[PDB]
């Protein structure tokens, strides 16, 4: 009876398996035979796929998990800067003259230093302007057992500023939500006074050890002027991001 590739030494079978898409490895290859199941559930296969794809930043909480999280790491918010218009944003509250998308640097505002692929921002008016996204975590590639057991870091970031010729206010509320959309964790800023001098500010929060059951991230933020003028003198928001960290 002839069995060649199969009696292949493990490090060499690993090289063959590493060539395959993680997705097939987990779904088809695992189901071939017990030797393959054990390899696919092991560290070395995935440690190999990680170093092969430059992901390596000895041991791990799960090398397979590291791999999927690393490959899948991306901003989960649609249209964070206004390049589409208000597209992708929901529960949009247009207070005063509403949100208006504008080009950087603003009229009486500072440049966006921290990343210069960012070219636009959303400007608020003289009543509260708000907008939100609800991110479905499984839809984005984060499976239940990862969410309930690993509970990987959910990183949330936002950028706000105001005009140098007008006072303004900013608000951010990020919620972790159950399958049923009950609230399991909440990061709220309260009302923040935007810097006087029009400098861009970054607000950042990482959710870790958040317990089991997290299925959605609700990102909400808002702005308004504190001088009550017609036009768009309120807080400017851009470059909002949400991602899961490997």
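Numbering follows the first chain given and starts at 1.
> Quick check on the record: how many residues from the deposited sequence are absent from the model between residue 211 and residue 212 (none, 1 to 3, 4 to 9, 10 or more)?
The entry has no unmodelled residues between residue 211 and residue 212.
> Given the B-factors recorded for C-alpha atoms, which segment has the greater mean, 153 to 161 or 108 to 116?
If you average the C-alpha B-factors of 108 to 116 and of 153 to 161, the larger mean comes out for 108 to 116.
> Please compare 43 to 51 with 58 to 66 and say which has the higher mean C-alpha temperature factor in the record.
Of 58 to 66 and 43 to 51, the stretch with the higher C-alpha B-factor average is 58 to 66.
> Would you please rank residue 166 by its C-alpha temperature factor against the other modelled residues of its chain and give the third it falls in: lowest, middle or highest?
Highest third - that is where residue 166 ends up once the chain's C-alpha B-factors are sorted.
> Taking the entry's C-alpha B-factors for this chain, is residue 203 in the lowest, middle or highest third?
Its C-alpha B-factor, which the entry lists for residue 203, ranks in the middle third among residues of this chain.
> Residue 217's Cα B-factor: lowest, middle or highest third of the chain?
Lowest third - that is where residue 217 ends up once the chain's C-alpha B-factors are sorted.
> What third of its chain, lowest, middle or highest, does the C-alpha temperature factor of residue 177 fall into?
Its C-alpha B-factor belongs to the lowest third of this chain's values.
> Sort the modelled residues of this chain by their C-alpha B factor and say whether residue 34 lands in the lowest, middle or highest third.
Ranked within chain, residue 34 CA B lands in the lowest tercile.
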